[PDB]
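I have placed the structure first, in the form of structure tokens, so that the comments after it can refer back to it.
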Amino acid sequence: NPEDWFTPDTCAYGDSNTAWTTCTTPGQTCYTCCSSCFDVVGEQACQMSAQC
């Protein structure tokens with residue numbers, strides 16, 4: 001679940017919500033943020049949910 005998979009050690013975000021939602025919206029970092037803000041478990045779950 002996308003609170004759990006959050007890796008703030010490398011995500012410039014303090015909220016797993018704001019993080020996931022960045023990764024699933026057009027910004028500077030949509031789909032790729034799934035990789036650079038979540039563990040591999042959250043990555044695939046985000047990269048399958050991430051539509052810019």
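By convention in this document, the chains of the structure tokens carry letters A, B, ... by their order, each chain's residues are numbered from 1, and ligands are numbered from 1 in the order they are shown.
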Report task. From a DSSP pass on the backbone, collect the residues of chain A flagged as alpha helix (DSSP H) and hand them back as a PyMOL selection string. Result -> chain A and resi 16-23+31-37+40-47
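Near stretch 17-22 of chain A, within a cut-off of 8 Å and counting only C-alpha atoms, sit the residues residues 2, 3, 11, 13, 14, 15, 24, 25, 26, 27, 29, 30, 33, 34, 37 and 46 of chain A, with same-chain residues fewer than 2 positions away left out.
Distance annotation: of A:51, A:7, A:1, A:16, the residue with the minimal separation from residue A:38 is A:7; atom set is only C-alpha atoms.
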Query raised in the report: Using only C-alpha atoms, which residues sit within 7 Å of residue A:5 once same-chain residues fewer than 6 positions away are excluded, as a ChimeraX atom specification?
Result: /A:38-39,41-42
Query raised in the report: atom CA of residue A:8 to atom CA of residue A:50: how many Å, to one decimal?
Result: 18.8 Å
